[PDB]
């Protein structure tokens, strides 16, 4: 005998329903359909005994809008809990700060996001933490490289920007047998395509800036924890380091998450067609997209990717860095020559100009492409024009 405002008892809401409504109910006070923005720093306590009786005290620790977004994200990624941060780098740094001490070993994918690599090497290594960067394409490599001091195995799939894949289920089985903490950066994937916590990962790190936002609008990070122990560790350290997400950013992201399925579907269809076009282009050397049949890790993509193969692709222009640069300089609108990725607006970039950067795969004129939701024919027209000008 449920009424309006209640969910059907015994019904797990479907995926897109969760993206629309998950972790959010109408405001109890007013019935407001959207969460009010709690743009305030402190919360008045009713008494000394009733301290935190309403759950909040100070926004660096917790905020109702941020908490609503966290519950939504934990539900979307299938974790016990989630903590939101000012940036994705803040989330990664909070992971490294919480679960690594002097003497600890940490295995990181050698093709990780450049910021993750630089924060590990340039900063955290000063604390006598050993970061070893290996190829995660073969999970057996991860199994070999585990030492007794290994505390964290940090995977990324697909990797920024090489789009190399890591077998999250195999790596998670290895890590659970070896009793080492498995952290996965599924920013490029989005939970719509892959939920590492479903594949056995201990922690998921997300740059909500990318696809959670998907509108080039905010910065944010998320750490989704599978257990209460891990989540409490992360919550405590976030309060200590003061890198929590703001309420306004939480509101923006709560709005933009609702359309993540349709956004990612459109971006991925456009990306498939664009990668197919680039693979046929006489001016294009190599094309990297998990959806085209020549993808080297095709079997792992088909096993690990749900619904889509994503909006990220890459390609090499025949002619080296000079042809690549000429092409970059001659890409017209609606393409944008900038950084970031995962947004409605299609983005093109060249990490080589924006030895150490070829063993990764960021070769000469290696162009990274974030596909948006514009008309795919306009995107292909701009690409074709630029390629003919290369």
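Residue numbers count along the first chain shown, from 1.
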(request) Quick one: classify how much of the deposited chain lacks coordinates between residue 354 and residue 355, choosing none, 1 to 3, 4 to 9, or 10 or more. (result) 4 to 9
(request) Pick between 126-134 and 198-206: the one whose mean CA B-factor in the entry is higher. (result) 126-134
(request) Could you settle it for me: does 342-350 or 356-364 have the higher average Cα B factor in the PDB entry? (result) 356-364
(message) Quiz for you: based on the deposited Cα B-factor, which of 310, 261, 161, 221 is highest?
(response) 161
(message) Quiz for you: based on the deposited Cα B-factor, which of 113, 99, 188, 295 is highest?
(response) 113
(request) Within this chain's modelled residues, let me know which third the CA B factor of residue 32 belongs to: lowest, middle or highest. (result) middle
(request) Comparing against every modelled residue in the chain, figure out the third that the C-alpha B-factor of residue 335 lands in (lowest, middle or highest). (result) lowest
(message) Among the modelled residues of this chain, does the Cα B factor of residue 55 put it in the lowest, middle or highest third?
(response) middle
(message) What third of the chain does residue 291 rank in for C-alpha temperature factor, lowest, middle or highest?
(response) lowest
(message) Per the entry's values, where does residue 266 land by CA temperature factor relative to the rest of its chain, in the lowest, middle or highest third?
(response) lowest
